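> One structure is given below, represented as structure tokens, and several questions about it will come after.
FYI, it's all coordinate maths here, none of it is from the lab. Positions of Cβ are backbone-derived with ideal geometry, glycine not excepted, and every protein chain shown enters the neighbour counts.
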């Protein structure tokens with residue numbers, strides 16, 4: 001598929017300025033950084049969980065394995 | 001030829017103790033045309049004032065206090081004289097064409113209009129709805145909306161960006177007052193010019209004007225002419241899309257120098273090189289204007305036009321093509337390629353003709369009385385005096401190749417253009433692309 005036969009579009013007016021008449025990385029604070037946060041706090045509660053969960057299991061696992069090696073002070077009290 | 005030019009009568013000019021400049025060109029023609037040309041346009045309006053000048057135009061004729069509608073109309077018709085006029089962004093005018101046996105009568109009629117329009121609270125309300133309609137007709141002329149949109153974005157955020165007719169809201173609500181407010185603020189002698197051409201003799205004109213234009217300046221403001229706020233150009237685009245239309249319209253342009261500037265000649269000569277096409281031509285062999293040739297060989301468009309529209313201190317040097325939904329791209333590609341070629345590798349063989357074609361226009365620019373008057377009217381108003389063909393000649397009779405390049409490239413190369421396009425324009429590439437179509441991979 002090429003250009004000129006994608007869709008039946010009507011009544012949309014767009015306005016844009018040359019790259020040289022504007023700023024590249026504008027308003028890092030006014031709108032920039034906020035949205036970055038507007039995002040970290042939007043998925044953290046959806047992504048983090050299973051990862052955190054994984055972690056606990058990784059730890060439990062390693063710790064347990066590393067315990068089942070050491071001897072029990074009482075396997076021989078005689 | 002050179003003699004023909006040399007033997008072309010000089011254009012008499014003289015200001016009044018008022019401020020009005022009265023100029024003219026005496027010919028012989030039993031007929032003639034006289035009119036006043038105002039230093040007023042839509043450019044001079046406000047966000048709430050905009051449209052006045054136009055609302056005003058539609059009433060200028062409908063009668064004065066000194067002589068109501070029924071009469072004014074009757075009196076002009078009755079003498080076989082023609083009254084017509086217009087208004088742009090920086091230039092308005094009203095002109096009449098009669099038998100030079102009526103300079104005095106015409107002259108009086110004129111004045112009576114630019115000074116006492118009835119502004120009948122009852123007439124106004126009528127034209128109000130006439131415009132709102134007339135406006136909705138100007139609309140489907142995609143050839144004009146496109147230019148408006150061009151200006152809009154080209155000079156976005158400035159007085160120029162506003163269209164000469166104005167928003168429907170304004171027209172729906174301008175007050176009998178506002179109109180008067182617009183008239184008494186811009187129609188002043190210092191900014192007006194009374195010009196003529198025909199069998200008329202200057203003196204009879206002067207006096208006649210000096211007699212019906214009894215204006216009197218007290219303070220210094222009245223006597224002085226206010227300069228407008230500069231208008232910022234902006235490399236940008238605006239896309240009014242609708243695959244519902246039969247074909248698309250495109251217009252791209254860079255900022256222009258402005259009347260005062262000389263290069264407007266070299267630059268005027270360059271456009272003569274790319275010229276214009278139109279499916280009713282007979283020429284797959286068109287001298288240069290490859291854009292036209294190419295347009296014919298590869299069926300690139302329905303037509304196109306090169307233009308150097310200019311204003312007081314700015315302008316627009318660009319081009320505009322009408323094309324089918326599917327050939328928009330190549331057309332733009334090929335054209336935009338010509339500008340580069342134009343200012344990067346032009347030839348004498350080209351400029352030579354360029355000139356000639358101009359000179360032929362330059363001259364037919366004055367075919368008749370009405371048109372001549374238009375020059376005097378304008379020339380004075382925008383240049384300061386009159387430029388005789390004899391002059392325009394030299395100005396543009398000494399433009400060589402290297403001159404075109406140097407200039408065109410001075411105004412076109414790697415500049416951020418201003419494009420506009422209504423209709424089925426899905427195929428028109430993004431700004432970035434048409435942008436980098438502004439520098440040749442020399």
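> Return the distance in nm (one decimal) between the two label points of a simple spin-label model at residue A:42 and residue B:285, each offset 7 Å from Cα along Cα→Cβ.
It works out to 6.5 nm between the two label points.
> For B:230-243, what's the mean count of beta carbons from other chains sitting within 10 Å of each residue's beta carbon? The partial results should precede the final answer.
Details: counts 0, 0, 1, 1, 4, 6, 6, 5, 4, 5, 4, 6, 6, 6.
Going residue by residue through B:230-243 and averaging, the value is 4.
> Additional query: What number does the range B:284-368 give for Rg over Rh if you use C-alpha atoms and the Kirkwood radius?
Values: Rg = 14.6 Å, Rh = 14.5 Å.
A ratio of 1.00.
> Could you give the length gained by full extension between residue B:82 and residue B:390, i.e. 0.36 nm per residue of separation minus their alpha carbon distance, to one decimal place?
Numbers: separation 308, 0.36 × 308 = 110.88 nm, distance 3.04 nm.
107.8 nm is the gain from fully extending residue B:82 to residue B:390.
> For chain A, find the longest principal axis of its Cα atoms and tell me its angle to the long axis of helix A:33-65, 0 to 90°, nearest 10.
20
> Another question, if that's okay. Name the most mobile residue of B:13, B:254, B:216, meaning the one with the largest mean-square fluctuation, in a Gaussian network model of chain B with Cα contacts below 10 Å.
Result for chain B, Cα springs under 10 Å: B:216 fluctuates most.
> At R0 = 41 Å, how high is the FRET efficiency between residue B:46 and residue A:51 if r is their beta carbon distance? Nearest 0.05 is fine.
Efficiency for this residue pair is about 0.10.
> Distance from a point 7 Å along Cα→Cβ of residue B:260 to each backbone N in the range B:28-53: keep the residues under 19 Å and list them by number.
B:39-41, B:43-44
> Further, regarding this structure: Return the distance in nm (one decimal) between the two label points of a simple spin-label model at residue B:2 and residue B:230, each offset 7 Å from Cα along Cα→Cβ.
4.2
> Quick check: Cα centre of the range A:1-77 to Cα centre of the range B:364-391, how many Å?
Centre-to-centre (Cα) distance: 70 Å.
> Sticking with this structure for a sec: By average Cβ neighbour count within 10 Å, what is the ranking of B:291-300, B:106-115 from highest down? Spell out each step's value before the answer.
Values: B:291-300: 20.4, B:106-115: 21.9.
Packing proxy ranking, top to bottom: B:106-115, B:291-300.
> Please give, to one decimal in nm, the separation of the simple spin-label points placed at residue B:278 and residue A:11, each 7 Å out from Cα toward the Cβ.
3.5
> While we're looking at this one, here's another question. Please tell me the relative contact order of chain B in percent, rounded to the nearest whole number, where contacts are Cα pairs under 8 Å and at least six residues apart.
Details: 833 pairs, mean separation 96.0, N = 442.
Relative contact order for chain B comes out at 22 percent.
> If one takes the longest principal axis of the Cα atoms in chain B, at what angle in degrees, from 0 to 90 and to the nearest 10, does the Cα axis of helix B:348-364 lie?
Tilt of helix B:348-364: around 20 degrees.
> Under the definition of Cα pairs under 8 Å and six or more residues apart, what whole-number percent is the relative contact order of the range B:247-332?
Details: 154 pairs, mean separation 35.6, N = 86.
Dividing the mean separation by the residue count of the range B:247-332 yields 41 percent.
> Once the range B:11-224 is represented by equal point scatterers at the alpha-carbon sites, with solvent omitted, what log10 I(q)/I(0) does the Debye formula produce at q = 0.09, 0.15, 0.18 Å⁻¹?
After summing over all Cα pairs, the log10 values are -0.38, -1.01, -1.30.
> On to the next question. With angles folded into 0 to 90 degrees, how steeply does helix B:369-383 sit against the dominant principal axis of chain B? Use alpha carbons for both and round to 10.
Between helix and principal axis, roughly 80 degrees.
> While we're looking at this one, here's another question. Between residue B:101 and residue B:185, what FRET efficiency comes out of the Förster formula 1/(1 + (r/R0)^6) with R0 = 30 Å and r the beta carbon distance, rounded to 0.05? Walk me through the numbers before you get to the answer.
Details: r = 35 Å, r/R0 = 1.18.
So, using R0 = 30 Å, E works out to roughly 0.25.
> Count, for each residue of A:7-17, the Cβ atoms from other chains sitting within 10 Å of its Cβ, then give me the mean as a whole number. The partial results should precede the final answer.
Details: counts 2, 5, 7, 6, 4, 4, 7, 5, 8, 8, 9.
Going residue by residue through A:7-17 and averaging, the value is 6.
> Something else now. Suppose only helical runs count, i.e. DSSP H with n ≥ 4. What mean residue ellipticity at 222 nm does that imply for chain B under -39500 (n - 2.57) per run, divided by all residues and rounded to the nearest 500 deg cm²/dmol? Walk me through the numbers on the way to the answer.
Details: 18 runs with 192 residues, N = 442.
Result for chain B: -13000 deg cm²/dmol, rounded to the nearest 500.
> Right, here's the next one. Based on the Kirkwood radius over alpha-carbon pairs, what is the Stokes-Einstein translational diffusion coefficient of the protein assembly as shown at 20 °C with 1.002 mPa s viscosity, in µm²/s?
Numbers: Rh = 27.0 Å.
For these conditions, the coefficient is 79 µm²/s.
> So what's the Cα pair-distance distribution over the range B:283-442, bin width 5 Å, in %?
2, 7, 13, 18, 19, 16, 13, 9, 4, 0
> Which value in Å does the Kirkwood hydrodynamic radius of chain B take, with 1/r averaged over all unlike C-alpha pairs and then inverted? The partial results should precede the final answer.
Details: mean 1/r = 0.0426 Å⁻¹.
With all distinct Cα pairs of chain B included, I get 23.5 Å.
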